[PDB]
Amino acid sequence: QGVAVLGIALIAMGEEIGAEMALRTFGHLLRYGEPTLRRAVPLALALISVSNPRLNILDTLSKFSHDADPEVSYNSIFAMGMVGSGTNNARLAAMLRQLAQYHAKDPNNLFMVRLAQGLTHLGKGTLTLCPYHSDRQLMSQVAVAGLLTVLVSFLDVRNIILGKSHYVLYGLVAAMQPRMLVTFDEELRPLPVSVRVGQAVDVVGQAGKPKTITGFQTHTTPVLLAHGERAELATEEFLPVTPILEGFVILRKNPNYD
Amino acid sequence: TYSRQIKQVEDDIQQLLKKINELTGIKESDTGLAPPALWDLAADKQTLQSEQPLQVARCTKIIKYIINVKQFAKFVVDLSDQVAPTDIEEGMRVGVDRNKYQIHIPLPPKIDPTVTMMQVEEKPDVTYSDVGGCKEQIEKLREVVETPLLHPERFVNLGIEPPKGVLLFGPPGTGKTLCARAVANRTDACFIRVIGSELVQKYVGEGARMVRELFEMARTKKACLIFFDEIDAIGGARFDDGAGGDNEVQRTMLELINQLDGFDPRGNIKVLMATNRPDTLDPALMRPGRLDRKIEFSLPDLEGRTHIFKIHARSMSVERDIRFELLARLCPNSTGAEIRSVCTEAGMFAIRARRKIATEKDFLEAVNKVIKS
Amino acid sequence: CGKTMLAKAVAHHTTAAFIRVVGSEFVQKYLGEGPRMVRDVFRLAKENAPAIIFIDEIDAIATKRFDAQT
Amino acid sequence: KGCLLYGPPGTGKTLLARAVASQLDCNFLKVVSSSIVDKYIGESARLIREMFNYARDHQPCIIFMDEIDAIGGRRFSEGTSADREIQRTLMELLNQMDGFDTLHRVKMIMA
Amino acid sequence: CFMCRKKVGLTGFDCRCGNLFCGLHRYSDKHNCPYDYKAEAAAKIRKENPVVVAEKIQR
Amino acid sequence: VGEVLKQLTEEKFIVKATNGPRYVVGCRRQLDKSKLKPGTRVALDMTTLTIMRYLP
Amino acid sequence: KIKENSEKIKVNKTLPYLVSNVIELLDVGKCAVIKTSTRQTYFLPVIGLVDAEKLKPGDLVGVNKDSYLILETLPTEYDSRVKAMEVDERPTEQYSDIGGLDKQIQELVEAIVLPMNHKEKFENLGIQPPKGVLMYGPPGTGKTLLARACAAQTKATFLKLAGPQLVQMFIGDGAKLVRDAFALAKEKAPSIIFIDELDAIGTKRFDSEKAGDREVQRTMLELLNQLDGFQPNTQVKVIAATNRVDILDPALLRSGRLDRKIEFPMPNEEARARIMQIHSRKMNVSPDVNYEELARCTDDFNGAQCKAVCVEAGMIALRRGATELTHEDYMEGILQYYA
Amino acid sequence: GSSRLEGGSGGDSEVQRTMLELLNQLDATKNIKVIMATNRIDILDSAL
């Protein structure tokens, strides 16, 4: 059943509504499920929300990380570390340290919570592993490979990890990748530029040219975006070579007219 | 076809939801814990180690220190596992526990609900490049409000004072509120809108307080952009005549001015003053030591009208081709708000023609109607 | 005009229990003691059957209802 | 039992009070219309009766109200809770000046 | 006590050159006050200047 | 500190303590009960609240 | 074992010495009549660890919440945040840089500082120093300037005016803020009280509009009391500031209260030149200026407008990154048919 | 039955609240009849 739920997750990873409601279904599973399914669910929650620490999912993961079953607690704590992966959210870190305080007498749990803070602080929040990519369009094959290896390993945390082998986290590290917007122009010249960044708006269907930027936060070129926010650059300063601004980009210095 | 498919599938969803509710059964009634588990025994234990009261510390008398605390029970206490003695501050909110009353945790200052929700931390959904007809005014505002903040070493090298205080004035509806929203959205600093009505209360004592707490809040925050609106409402001509009973508003205005610039630095607070009748404004407030760069919004010219027209045409379902400069020509002496209403009228005319295209004909009809009314 | 003598003079000439009250000395302290003390003085007046309950000027109370307020 | 000092702003009222206080050599109670207090209720009359009781106990004494304009006010009706409270304070003064609180060896000053 | 008028007035305005100037000659333009008014302006404005950091960098 | 209210019998007095509650208590003998009278202030004790000393 | 007595006294004096008033003193040895936050009234035959004489009816003293013995007394307290507002970080400006205004600064500096420092002359002459001062800033031009510049003396404290109208609707109080303020000034060393915007208080005192008025009149009368009553008030210096010159209380007016009512006039051409020079001192001005002719152009440019114009000129030059005065873009910064 | 004005305006639990309840109950009467009476017409309630 654990692998079955993990496969449900490994089928539902894209569509936002489907992922949200797969999380709802996984909560149903955890509540009205066996202890095996209970240990399984948090991993699937992480799969759905990788590096996407939403308040509701964090609440659920903490809920079922303070669970009596050590395996359930292990799965949930690592899942919460993953959903916090490379985000450094203050609320998440505070909850993490409170949970570490609470689990003061549990050595393996303390180990896992330490790794959870490490995940929350990945590269000090500069590198973020993500299956999805390109405005939730591109599938990261190597990233999914590594993530699935890690989560299969954690399907049985007690024996697989709390023992000899614990380097599937290094496999995940190899699977790591950044989220960043260097506008290195022609000849890799680090041409700076003001970019208006805001949470995506699902441009489809809406009126006119939808303002994909929510909460305009003009922050020059060296920005990190976020799990689900996109950029609109500026009025006409430059002409980007791509409309899906991400990573290494080039900005043609050919505005039609200032 | 498609509509019937919708209705069917949404019926299926409603049935599914009611089926879930009836089958499993989740509700609250009076108080509830719907989220499973929530066991909080350790929470109870630490609550007992805590669940402290709070008061306002008064003075640290001696250099073991003697903190003085006032509420329904006075006290003189000190010492705690807490450090940073009194966080180098006296009039805080101490947050001290019971049981020998010497353990503390600092707290922010109490502030009345009015200012609490006037903080208006939301970000209005407007951005530059959506403004036409006031390029010079927006240039001035951008300069004053950004150069001191964005790469401002160039602004300090020249040894020139940083302007602080701008009053937007003009005819009723020119994009002043729009530009204020745009600046609010773009800026990254403690932004605080203010409504004049909320500063008028039952008799003396209220406005002056709320103003003072607002100002100290702004001072505590690193750098503030305050956005008074309704200045015409708050603060007027100082003359009494028959206002001998109405002197409350004048008093509040006087305290406002004193906090703006009195016998103390006012701080890194930049003030925006929205108005449309910039004559009854009191001379003391209008003093350019407090409103440095008054900006005037005028009716847009032809190019501004065209730019606003295309901006509003940003919306879809519009004609493939429209000739906006003639649209602007047909609407002279028209506010940008009137351009917006013309686009709205064109949409409504398309609807009342059952047309999913907003044609230049629709625009002409809307212009004719608005002009005639 | 001389109301206060007529008061004191009857308070003396009388052969009966007498209680003097001030116009507004019954509004103070925590909330709600005014009604208690007025009923208290009236209870004492009842106890002293031949009782005369004189109150100084009243204007400071009972002059108007002043309409609903909070 | 009482005297009044019609005076424009500085004719010599307060200095006159100083002189009489230093001259007579008995108890003196210089009190001002800034005795008003409020704890979700009125206690000005209570303070007034405290004053008068103190004087009556210290029979030889000169009480000196100054700036009686403020509390003296007027018997405005339907003015406001503040007006009612102030007139109540005035009324305490009247009752304890005249009335059953009749004095024998105190003296009152007003200005 | 400035050289013009040889003034000693107690009102004498005491400048950044520590000199109770003549009531009419208290100004730097007049007495070549050797002070770095502009440099002090630059320092003070740099100290007091607010800069918006855009609140995006985080640990 | 509280003011007596009535000479209840001989070794009994109703005293309204300033804090607000009203009590009935007996007085130490060496107090010349004639002295204290309705309105007189007195200093009752912590535990038993017997009138210890009358005050002006 | 005297030491041991001291340490055990200390330990039984644990710490949380609940503070209580000293409402009254008596004797029969002396006693105490203390009162506590929790409204209560404890007679103490043994006052405690105090001389029983320095006490005075009205005082705050630590007490053992159970023993109710007056423990170490604490310095008096000041409410309504009068103490918090009565702070000043030594305003940075050191010079009296104002402009042409000279007689005003002369009289003010004399009447204030000379009593403070050279009181020897006053005592030798047998003269009580000059009486409380008023300072008409009808337009405000130079008002806060003179105040702040005066905030450069050797050492003193300045009580600003800040919401003395902080009075509750339910009658409120006769400016308890004023009471505490004057108390603090009296207790501290030579002190000064800058009544800013005094116009906010003060009036003919007879108008009978409505409530709030009468509260302002009690606060005004409290002010009058605080300096005209049975009190020498020697160690005080009141300086008032107002712009509604005409409408003010005839008694608050002067002659023992607010004398030497210095007046701020409209700066002349010379005064405008001096103020603009003062504000330009730190400005990166090029070696070519018509300061005097700019003052002539001012044409009733009295107030801070000069400062605002220097700033606007800085920004104007900064459009292009310059250090020179156009002298006419300066007028447009200043601010058909015939002509 | 004083004229509905001043404070409360429906936010008060006082005679204003009682008036609101009375109006809600009234509207419906079938054959009952009601005779209000007052000394002054100046004060009246628009809702009533």
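Order as written gives the chain letters A, B, C, D, E, F, G and H; numbering starts at 1 within each chain.
Everything that follows uses one rule, which is that contacts are C-beta pairs under 8 Å (C-beta built on N, C-alpha and C of every residue); 3 or more make two chains touch, one makes a residue touch a chain.
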item: Touching chain A and also chain E, the following chains; value: B
item: Among all chain pairs, the one with the most C-beta contacts; value: B-G
item: Geometric centre distance via CA averages, chain G-chain E, whole Å; value: 25
item: Centre distance in Å when chain B and chain F are each reduced to the mean of their C-alpha atoms; value: 63
item: Rounded Å distance, chain C centre to chain E centre (Cα mean); value: 72
item: Whole-Å gap between the CA centroids of chain A and chain H; value: 61
item: Chain E: positions in contact with at least two other chains; value: 38, 41, 54-55
item: Numbers and ranges of chain G residues touching at least 2 other chains; value: 38, 168-169, 172, 210-211, 215, 282-284
item: Sites on chain F at which at least two other chains make contact; value: 20
item: Touching pairs - complete list by chain label; value: A-B, A-E, B-E, B-G, C-D, C-H, D-G, E-G, F-G
item: Chain G contact footprint on chain D (complex, rising order); value: 8-10, 14, 17-18, 21, 30, 32-38, 40, 42, 66-67, 69-70, 73-74, 76, 79-83, 85-86
item: Interfacial residue positions of chain F with respect to chain G in the complex; value: 1-2, 17-20, 43, 53, 55-56
item: Touching residues on chain G, where the partner in the complex is chain F; value: 26, 33, 38-43, 45
item: In the complex, chain A residues that touch chain E; value: 88, 121, 124-125, 217-220, 223-224
item: For the chain B and chain G complex, residues of the former touching the latter; value: 58-59, 61, 66, 68, 72-79, 90-91, 100-102, 143-144, 147, 154-155, 158-163, 202-205, 208-209, 212, 238, 240, 244-245, 247-248, 251, 254-255, 257-258, 261-264, 283-284, 287-289, 292-293
